[PDB]
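To keep things clear, I will list the structure first and then write my remarks on it.
Cβ coordinates were reconstructed from backbone atoms using ideal geometry, including for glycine residues, and neighbour counts include every protein chain displayed. Read-outs: derived from the displayed coordinates by stated rules, not from any lab.
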Amino acid sequence: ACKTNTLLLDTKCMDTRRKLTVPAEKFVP
Amino acid sequence: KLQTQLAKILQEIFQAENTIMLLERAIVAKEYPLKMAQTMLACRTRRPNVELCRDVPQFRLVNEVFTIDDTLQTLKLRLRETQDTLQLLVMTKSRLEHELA
Amino acid sequence: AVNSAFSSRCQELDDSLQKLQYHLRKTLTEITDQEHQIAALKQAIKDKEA
Amino acid sequence: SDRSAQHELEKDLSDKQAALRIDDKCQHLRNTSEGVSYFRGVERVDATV
Amino acid sequence: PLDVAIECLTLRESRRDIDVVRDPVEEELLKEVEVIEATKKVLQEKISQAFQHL
Amino acid sequence: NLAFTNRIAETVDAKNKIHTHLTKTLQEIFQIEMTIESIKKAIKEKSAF
Amino acid sequence: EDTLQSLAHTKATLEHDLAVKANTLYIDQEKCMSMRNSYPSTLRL
Amino acid sequence: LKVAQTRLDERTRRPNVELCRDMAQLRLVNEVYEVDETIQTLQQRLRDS
Amino acid sequence: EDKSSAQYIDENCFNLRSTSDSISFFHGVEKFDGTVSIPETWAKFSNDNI
Amino acid sequence: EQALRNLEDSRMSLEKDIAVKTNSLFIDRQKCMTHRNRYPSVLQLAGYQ
Amino acid sequence: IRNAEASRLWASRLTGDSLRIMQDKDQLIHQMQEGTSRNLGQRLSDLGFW
Amino acid sequence: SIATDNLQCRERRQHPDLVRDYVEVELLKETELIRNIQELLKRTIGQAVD
């Protein structure tokens with residue numbers, strides 16, 4: 001049980017860095 | 001020539017007045033924050049038992065008091081100097097006006 | 001007057017910051033104690049199951 | 001139905017206070033400011049309903 | 001991005017018992033914070049000198 | 001949430017750009033008044049001559 | 001004077017657009033970012 | 001009359017509904033027309049002088 | 001009991017807000033050795049008890 | 001469990017707000033330091049009067 | 001003439017240095033006060049742990 | 001120019017803390033005072049030449 005909760009937390013914190021892909025753009029080609 | 005100098009001297013004299021006013025307001029501003037240190041040590045000096053502790057807070061509080069006293073004496077020092085300058089400028093003013101007349 | 005007013009505002013903001021940090025610390029501490037009792041419930045569950 | 005009603009009243013108050021700010025800036029009409037100017041031609045419009 | 005990193009640490013605080021290790025990722029996060037600070041220092045310095053020459 | 005972010009981003013860009021243009025436009029107007037009173041004085045003295 | 005009237009229209013339009021867009025950004029931020037925060041479990045009552 | 005017409009102007013920012021005909025605008029166009037005829041009469045006096 | 005009291009006093013005079021009640025030029029406060037010991041000693045004392 | 005959820009909601013909002021406030025404080029103190037130490041001398045405001 | 005200008009120079013230079021000293025001293029004091037506060041906070045944390 | 005830079009810099013701010021108080025009010029007061037000073041100065045310079 002605890003291990004599964006850890007995994008889900010890891011995926012959750014993983015996903016947010018699509019924010020850091022600028023305003024969802026390319027900037028440089 | 002002389003009247004030009006006299007005008008600019010009036011400018012400088014009231015500038016010096018402003019200097020001393022800011023000095024005294026700085027003193028009155030420093031007046032409060034020391035309230036923290038003394039009463040801080042007041043609250044902590046009484047404690048029920050053995051946990052009476054020399055630690056990071058104690059050294060830093062002593063530094064607080066020490067540095068604050070340093071600040072205060074330096075500021076009253078500059079107060080003496082500004083009074084000196086005021087009276088000297090005043091006597092120059094009096095001279096100038098009399099030979100102008 | 002400009003200078004005096006701006007200094008007043010900065011002072012008040014500092015006060016607010018201090019209160020915020022004060023809340024944060026004990027919030028964390030209570031979180032820990034809540035967890036500890038949460039574990040205690042699991043143990044008690046076994047103790048009653050036997 | 002309740003939600004519909006609250007939404008309508010919200011819309012009304014929003015536009016109303018927008019007009020309020022416009023008209024307070026309006027009544028702040030005392031002389032000698034810069035925004036006053038020449039743009040003559042505002043005396044023929046079938047504008048407001 | 002600073003806010004995102006702070007939020008990521010915040011979520012990381014949700015881990016449990018023996019699953020809270022000094023995962024070196026967190027060391028990298030700390031160095032992330034410090035890199036941001038250094039960048040900010042450089043920016044403000046340049047702004048200052050621009051102002052003087054203005 | 002990803003799209004909501006870049007929505008706000010473009011809004012901010014618009015804010016900055018429009019504010020800059022406003023500043024320089026009002027500067028130009030401030031200069032043109034000076035030109036106006038120049039020409040008016042010229043008219044006066046040529047009439048005197 | 002003709003140029004002046006033209007610039008008058010320009011300034012008016014610019015200022016009104018400024019106000020509108022400020023309202024838009026304002027509303028969007030403090031409304032959406034208020035509840036929409038981190039971890040989609042707990043209500044924003 | 002500078003201040004008069006600019007005073008009239010920004011009334012046309014009002015949002016969708018409360019934009020309304022009022023005694024203000026009627027009185028406004030009245031005062032505009034009368035100040036105009038005032039000015040022309042004073043010009044007539046200038047020519048006579 | 002004694003430790004809880006110590007925590008309480010430290011808290012209530014740390015969060016004790018400035019410009020509220022402590023208006024006093026307390027002095028003669030450069031000297032105090034009511035402190036009798038060292039953090040190492042307090043840790044070892046707690047360990048002895050446990 | 002439900003209480004737990006409420007707890008971490010509280011702490012996350014709190015700390016993000018703290019970050020915002022820290023940014024604002026540093027901003028204001030640095031910028032106004034910079035500008036206030038610029039102020040000219042009363043003699044020059046007189047202008048070698 | 002020359003005595004006038006010499007006095008002017010003296011006054012200006014001393015005023016400038018006075019103001020700068022005042023400023024820098026004030027920032028120093030509030031940084032080190034912030035340091036003290038942080039220290040006390042960590043001490044409170046340790047106490048709660050025990 | 002200093003006033004303009006101050007106004008713009010304080011304008012750049014994060015959303016959850018932006019207000020309207022005496023600070024901005026006093027900035028606007030100083031700006032309007034500046035412009036009126038300019039206009040009056042130029043009028044005076046005109047009578048001077050005449």
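Can you pull the three principal axis extents for the Cα set of chain D, in Å, largest first?
50, 27, 11
P(r) tail for the protein assembly as shown, what percent of Cα pairs lie past 47 Å?
Value for the protein assembly as shown: 42 percent of Cα pairs lie more than 47 Å apart.
Per DSSP helix of 4 or more residues, -39500 (n - 2.57); summed, then divided by the residues of the protein assembly as shown. What does that give at 222 nm, rounded to the nearest 500?
Counting only the DSSP helices, I get -27500 deg cm²/dmol.
Could I have the simple spin-label model distance between residue H:20 and residue J:3, label points 7 Å from Cα toward Cβ, reported in nm to one decimal?
If labels sit at residue H:20 and residue J:3, their model points lie 5.6 nm apart.
What's the average, rounded to a whole number, of partner chain beta-carbon atoms within 10 Å of each residue's beta-carbon in K:15-22?
6
Computed over the Cα atoms, what is the radius of gyration of chain G divided by 2.2 N^0.38 Å, N being its residue count?
Dividing the Cα radius of gyration by 2.2 N^0.38 Å gives 2.10.
Averaged across F:13-23, how many Cβ atoms of other chains sit within 10 Å of each residue's Cβ atom?
3
Beta carbons within 10 angstrom, averaged per residue: use that to sort the peptides B:29-42, B:81-94, highest first.
The packing order, highest mean first, is B:29-42, B:81-94.
Set the Förster distance to 45 Å, then compute FRET efficiency between residue A:22 and residue I:30 from the Cβ-Cβ distance, nearest 0.05.
0.20
Using a 7 Å offset from Cα along Cα-Cβ at residue B:13, what residues in segment B:62-101 end up with backbone N under 11 Å from the label point?
The answer is B:87-98, whose backbone nitrogens lie closer than 11 Å to the label point.
Pairing the Cα long axis of helix I:2-14 with the longest principal axis of chain I, what angle in degrees results, from 0 to 90 and rounded to the nearest 10?
30
Relative to the longest principal axis of the C-alpha atoms of chain E, give the angle of the C-alpha long axis of helix E:24-53, reported between 0 and 90° and rounded to the nearest 10°.
That works out to roughly 10 degrees.
For chain F, restrict the atom set to alpha-carbon positions and state the Rg and Dmax in Å.
Final numbers for Rg and Dmax: 22.1, 74 Å.
Give the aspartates and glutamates whose C-alpha is closer than 20 Å to that of residue G:31, dropping any in the same chain fewer than 8 places away, or say none.
D:8, D:10, D:12, D:15, E:3, E:7, F:10, J:9, J:15, J:17, L:17
What is the sum of charges, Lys and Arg at +1 and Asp and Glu at -1, for the other residues whose Cβ falls under 14 Å from the Cβ of residue C:36?
Once positives and negatives cancel, what remains is -2.
Hey, what angle do you get for helix G:2-35 against the long axis of chain G, alpha-carbon based, 0 to 90 degrees rounded to 10?
That works out to roughly 0 degrees.
State, to one decimal in nm, how far the label point of residue B:28 lies from the label point of residue K:34, with both points 7 Å from Cα in the Cβ direction.
Here the modelled spin labels are 2.8 nm apart.
Under a point-charge model restricted to the Cβ atoms of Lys and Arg (+1) and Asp and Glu (-1), what is the dipole moment magnitude of chain C relative to its Cα centre, in debye to the nearest 20?
60
Looking at the square roots a ≥ b ≥ c of the eigenvalues of the Cα gyration tensor of chain E, which shape do they give, rounded for a/c under 1.5, prolate if a/b is larger than b/c, or oblate?
In terms of gyration-tensor shape, prolate.
Using 1/(1 + (r/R0)^6) with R0 = 56 angstrom and r between the beta carbons of residue D:43 and residue E:9, what's the FRET efficiency to the nearest 0.05?
0.30
How do the peptides A:10-23, J:24-37 rank, highest first, by the average count of neighbouring beta carbon atoms within 10 Å per residue?
J:24-37, A:10-23
Label residue B:50 and residue F:21 with points 7 Å out from Cα along Cα→Cβ: what is the distance between them in nm?
7.6
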